[PDB]
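Derivation of every value follows stated rules applied to the coordinates shown; laboratory data play no part. Heads up, the Cβs are rebuilt from the backbone with ideal geometry, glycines too, and the neighbour counts pull from every protein chain shown.
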Protein chains: 2
Amino acid sequence: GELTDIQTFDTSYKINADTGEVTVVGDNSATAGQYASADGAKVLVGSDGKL
Amino acid sequence: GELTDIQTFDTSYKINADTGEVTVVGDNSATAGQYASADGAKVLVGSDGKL
C-alpha cells in the first residue's frame, strides 16, 4: 500500500522523498545561515519546531 | 636596543619566545575560551591584534 513515487509532507502529499534543506553554520558567530534558494535567511528554532 | 635572545613573558622575563597557548573555540558560542591554564578566560582580541 505504500506509494513508491508519492510521499506526504507534514502538511500534504508531494513526490519529494525528502526536502533535505541545507543550513550552513557561521564559524565566527553562532548564527547559522541558510544554504538553499533562500540563500542566507536566518534560521531559528521555534516552539516544538525542528528548524 | 631590543633583544631577540631573551624575551619577556606577559608577566615575567622568559627566554622562551613562544608559549603555544591553547585556546578552544566554544562551539555554539563562537568565543575562543582559554584552555591552557586559565581554563575559560574567554579570550578577547587585544588592541595590537594578538590574543
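Read through the list (1) small (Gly, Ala, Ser); (2) assigned to a loop (DSSP other than H, G, I, E, B); (3) within 14 Å of another protein chain (Cβ to nearest Cβ), then give the number of the only condition that B:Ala17 fails.
So the condition that B:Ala17 fails would be (3).
For residues that are of a type in the set (D, E, K, R) and closer than 25 Å to A:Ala32 by Cβ, scanning just segment B:19-50, find the one that is surrounded by the most Cβ atoms within 10 Å (Cβ to Cβ).
B:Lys42
In this structure, is A:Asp27 of a type outside the set (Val, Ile, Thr) and more than 14 Å from chain B (Cβ to nearest Cβ)?
Considered against the rule, which asks whether it is of a type outside the set (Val, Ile, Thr) and more than 14 Å from chain B (Cβ to nearest Cβ), A:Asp27 comes out as no.
If I go through segment B:24-48 residue by residue, how many of them are assigned to a loop (DSSP other than H, G, I, E, B) and under 11 Å from the mean Cα position of the chain (by Cα)? If you could, list the steps in order and put the result at the bottom.
Looking only at segment B:24-48, we keep the residues that are assigned to a loop (DSSP other than H, G, I, E, B), and these are B:27-30, B:35-48.
Imposing the further condition that a residue be under 11 Å from the mean Cα position of the chain (by Cα) reduces the set to B:35-38, B:41, B:43-46.
So the count comes out to 9.
Any chance you could count how many residues in segment A:1-31 are within 21 Å of A:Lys42 (Cα to Cα) and hydroxyl-bearing (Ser, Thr, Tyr)?
4
Take B:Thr8 and tell me if it is within 14 Å of another protein chain (Cβ to nearest Cβ) and out of contact with any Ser or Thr (no Cβ under 9 Å at 6 or more places or on another chain).
No, not satisfied.
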